[PDB]
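First up is the structure itself, then whatever we jot down about it.
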Amino acid sequence: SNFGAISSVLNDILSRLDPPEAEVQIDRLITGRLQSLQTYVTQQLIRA
Amino acid sequence: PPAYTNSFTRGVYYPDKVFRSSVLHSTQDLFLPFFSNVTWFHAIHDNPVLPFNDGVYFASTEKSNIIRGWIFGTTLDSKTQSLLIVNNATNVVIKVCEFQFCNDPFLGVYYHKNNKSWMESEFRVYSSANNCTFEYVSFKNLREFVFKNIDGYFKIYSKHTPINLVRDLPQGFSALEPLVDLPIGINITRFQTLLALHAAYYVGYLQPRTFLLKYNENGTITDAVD
Amino acid sequence: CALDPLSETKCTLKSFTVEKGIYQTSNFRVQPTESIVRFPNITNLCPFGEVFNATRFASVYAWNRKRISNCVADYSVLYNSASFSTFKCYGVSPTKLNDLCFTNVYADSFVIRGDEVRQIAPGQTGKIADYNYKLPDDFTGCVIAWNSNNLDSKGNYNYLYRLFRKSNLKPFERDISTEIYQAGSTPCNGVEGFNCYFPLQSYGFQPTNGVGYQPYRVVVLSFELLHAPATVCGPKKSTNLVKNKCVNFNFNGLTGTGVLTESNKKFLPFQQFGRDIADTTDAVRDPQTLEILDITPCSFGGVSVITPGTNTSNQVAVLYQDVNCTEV
Amino acid sequence: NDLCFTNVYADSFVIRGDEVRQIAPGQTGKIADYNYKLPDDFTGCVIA
Amino acid sequence: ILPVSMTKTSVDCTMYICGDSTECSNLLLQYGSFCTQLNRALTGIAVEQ
Amino acid sequence: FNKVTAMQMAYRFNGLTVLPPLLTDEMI
Ligand SMILES: *[C@@H]1O[C@H](CO)[C@@H](O[C@@H]2O[C@H](CO)[C@@H](O)[C@H](O)[C@H]2NC(C)=O)[C@H](O)[C@H]1NC(C)=O
Ligand SMILES: *[C@@H]1O[C@H](CO)[C@@H](O)[C@H](O)[C@H]1NC(C)=O
Ligand SMILES: *[C@@H]1O[C@H](CO)[C@@H](O)[C@H](O)[C@H]1NC(C)=O
Ligand SMILES: *[C@@H]1O[C@H](CO)[C@@H](O)[C@H](O)[C@H]1NC(C)=O
Ligand SMILES: *[C@@H]1O[C@H](CO)[C@@H](O)[C@H](O)[C@H]1NC(C)=O
Ligand SMILES: *[C@@H]1O[C@H](CO)[C@@H](O)[C@H](O)[C@H]1NC(C)=O
Ligand SMILES: *[C@@H]1O[C@H](CO)[C@@H](O)[C@H](O)[C@H]1NC(C)=O
Ligand SMILES: *[C@@H]1O[C@H](CO)[C@@H](O)[C@H](O)[C@H]1NC(C)=O
């Protein structure tokens, strides 16, 4: 999932952009993925 | 009166150039809706101008290779650009020039002389061309083409596939890989095919449908779901 | 935190006391041995002479579009020149321009008035952006401009732009038609008149005009970057290839860390990169000699640090998960 | 005005007109690549 | 028939988020203890499993 | 055990691993 980032491959953005701009893009991937775990864990805790 | 027919599942093309396998890949692009009416045309003993819409799905069941190319443009009165795709002698010619058409363009064929069909340089589609902003040069059969303008590009997809059926579209599935991407950058609202005069061919109209594509292990689309 | 499997836990717990138990540290990861850079081999230099030094740039209403292919980006050679009054790259960060090979590269060259270089950018509007030239909203490329006022100026009326058009263009659309524009109801019948305007109005350029009217030469590149077979490459040499060992790779600008292996996957001629369920690139095609490499990431398998309380004893016993005991 | 500073270094030099653009984190060109360079985390002002 | 235990899972949050990438892995430290409080949740499961 | 029943190769590569249960299917 892109999560609003320009591309979903973490290694593309870093090759395609500077560190200053990648911060804006990557932190959209992290905040998205890191949230997609907190969804998974929350599913387990309930299911467990 | 042009007859209709049923498009079946035809009209799926590789959306992008990235190889995949064993994966169901949802994608949204301009596709031919499944089971949509596709207009059906004749060559017997008939090449109207057609609305180009968003993109056109062209499927020509042929034997003697009658249909040699297409003509694109908004007006076709020589007051605007026009795209001319012509295939003769296996050679492809693409010109965006602005040129004044004959009202029923065709390319010539003379039956059984030392040069079959002759008429290779016959070049009666048009009076003459002035400003040319682009150039390129190079029923047992079924050839399918997808034509679309994406943000000024002009994209063409194709499959050259053998079949045995006389009457109708083959019921089945084939995925169209990309051929070229001529950057003509012109407004195309209408088009007219070309014919070789001494061969039915189909026209669908794409829509922004969303398909789910199934890539098999060799990286080919073996099925689809609209 | 990197000292040894024990101290890897204390950083996790944020504690110097580690209670008796089992703790699973991050999967053990192998640092990349060496760097690989693999680009297609071609010695040619892109026509930076025939794009940037060209003697006549076409007018903006009909702008030339020149496909650039099979060359190495000479980008370091532009530095002795009139340079650039604006260089603005929408898709790429300009630092990466060297590290990264391109795909469909079209230089679109035309001469516009000074004030209007602003108007070339995705989203802008005005006389240039609306009528005679337009850029996509997703545009990926660079927009380069430098004043030609020492050349294009004499009054030079040849450079010319489309003032009137019924509606706005689509991206990268060209309309060179001169047919008269009808302001009111009455047909113009192909002649100027009241509420009839010849749509193309020529710029004047004197050599003495203010910076607003000094003609700038704009050249707008375009490219797809990844996803596509590379043609135009960067000024970066290619190294030797390493198989079956953890490496740090650059293939056609795609970078990462992987273990490059051979593969039987068969790409259609137009396909370059393969991708996975996770869309991380699984397989690439070696650009110099065409063959399909599987990229398998390093760092597989979990670690678990079995320890009695560091309060008691400082010895630990590590549990590597699903490896027969050889590799580590 | 509201805010006092800490390590303040004025770095003064004369560059060609077109190239004031090139002084900014992330830019590249003859000035930014070769003879002067600014950090990606740079904190300060650029006056010309 | 009754279920008793469910498959014990454990996630590496540093590796799932930023795959094997240095420039990204540094950034995940700003978000901090998110990573480290998941594995405290998925461990509490796997213990009572 | 006959009724109840790559996939795990693309799970450990990302991080989603599966720990083994403490008690074997034999001890149970
Ligand atoms: C592409 O050409 C078509 C015509 O071939 C344009 O559609 C016309 O739009 C005008 C309004 O600007 C209408 O008055 C006409 O009736 C339309 N003609 C048809 C046949 O629909 C269309 O606007 C052009 N596209 C662009 C971007 O200019
Ligand atoms: C197809 O054409 C028939 C007429 O032959 C019409 O009844 C039907 O509604 C059309 N359907 C579509 C999807 O165009
Ligand atoms: C096709 O038409 C072109 C017109 O440009 C002509 O030059 C050529 O000889 C013809 N025949 C073939 C086989 O290309
Ligand atoms: C892939 O192609 C091979 C022929 O090289 C064929 O044997 C195999 O069945 C194909 N796989 C699929 C899923 O069609
Ligand atoms: C443009 O021409 C000048 C001399 O007229 C030359 O020095 C320069 O190298 C040329 N530009 C490029 C990019 O080669
Ligand atoms: C690159 O050069 C080598 C020899 O120097 C050659 O074997 C190889 O074919 C070239 N690359 C490609 C893609 O052909
Ligand atoms: C842990 O260390 C404390 C000393 O601070 C000691 O009193 C206690 O007995 C120790 N416990 C174990 C289990 O070693
Ligand atoms: C270790 O490898 C041998 C053969 O190489 C195999 O029989 C054995 O099952 C492996 N260990 C485990 C725990 O499976």
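Note that the numbers count up from 1, one per residue, in the order the chain is shown.
Cβ from N, Cα, C; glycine included.
What Swiss-Prot records for B:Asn37 (among others) is N-linked glycosylation site, and it gives experimental evidence as the kind of evidence. In the three-state DSSP assignment, the secondary structure recorded for B:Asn37 (N-linked glycosylation site) is strand.
Taken from Swiss-Prot, the feature N-linked glycosylation site covers B:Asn88 (among others). Annotation for B:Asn88 (N-linked glycosylation site): same-chain Cβ neighbours under 8 Å, separated by at least 6 residues, are B:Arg68, B:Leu107, B:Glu120.
Residues or ranges marked as disulfide bond in Swiss-Prot (evidence: experimental evidence): B:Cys97-B:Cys132. Just so you know, the Cβ of B:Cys97 (disulfide bond) picks up 18 other Cβ atoms within 10 Å once every protein chain is counted.
The region 'Disordered' feature in Swiss-Prot is assigned to B:108-130; the stated evidence is a curator's inference.
Neighbour count (other Cβ atoms within 10 Å of the Cβ, all protein chains): 8 for B:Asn115 (N-linked glycosylation site). What Swiss-Prot lists as N-linked glycosylation site is B:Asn115 (among others).
Look at Swiss-Prot and you will find B:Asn131 (among others) tagged as N-linked glycosylation site. Counting every protein chain shown, 12 other Cβ atoms lie within 10 Å of the Cβ of B:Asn131 (N-linked glycosylation site). In the three-state DSSP assignment, the secondary structure recorded for B:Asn131 (N-linked glycosylation site) is coil.
The Cβ of B:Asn187 (N-linked glycosylation site) lies under 8 Å from the Cβ of B:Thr74, B:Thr80, B:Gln81, each on the same chain and at least six residues away in sequence. Under the three-state DSSP scheme, B:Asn187 (N-linked glycosylation site) falls in the coil class. Annotated N-linked glycosylation site per Swiss-Prot: B:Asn187 (among others), in sequence order, evidence recorded as experimental evidence.
Summarising the annotation, Swiss-Prot assigns N-linked glycosylation site to B:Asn218 (among others) and lists experimental evidence as the type of evidence. Taking a C-beta cut-off of under 8 angstroms and a sequence separation of 6 or more, B:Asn218 (N-linked glycosylation site) has the following same-chain neighbours: B:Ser21.
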Number of other Cβ atoms within 10 Å of the Cβ of B:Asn37 (N-linked glycosylation site) across all protein chains: 12
Cβ neighbours within the same chain of B:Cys132 (disulfide bond) - under 8 Å, at least six residues apart: B:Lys95, B:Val96, B:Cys97
Contacting recorded positions for ligand 2, chosen from B:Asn37, B:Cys97, B:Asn115, B:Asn131, B:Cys132 when the Cβ sits under 6 angstroms of any of its atoms: B:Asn37
DSSP three-state assignment (helix, strand or coil) for B:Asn115 (N-linked glycosylation site): coil
Of B:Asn37, B:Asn88, B:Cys132, B:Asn218, recorded positions neighbouring ligand 4, Cβ under 6 A: B:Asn218
Cα separation, B:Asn131 (N-linked glycosylation site) to B:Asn37 (N-linked glycosylation site) (Å, whole number): 38
Distance-selected recorded positions near ligand 1 (C-beta under 6 Å), from B:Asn115, B:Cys132, B:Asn187: B:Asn187
Candidates from B:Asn131, B:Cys132, B:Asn187 close to chain C, where recorded positions are judged by Cβ under 8 Å: B:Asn131, B:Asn187
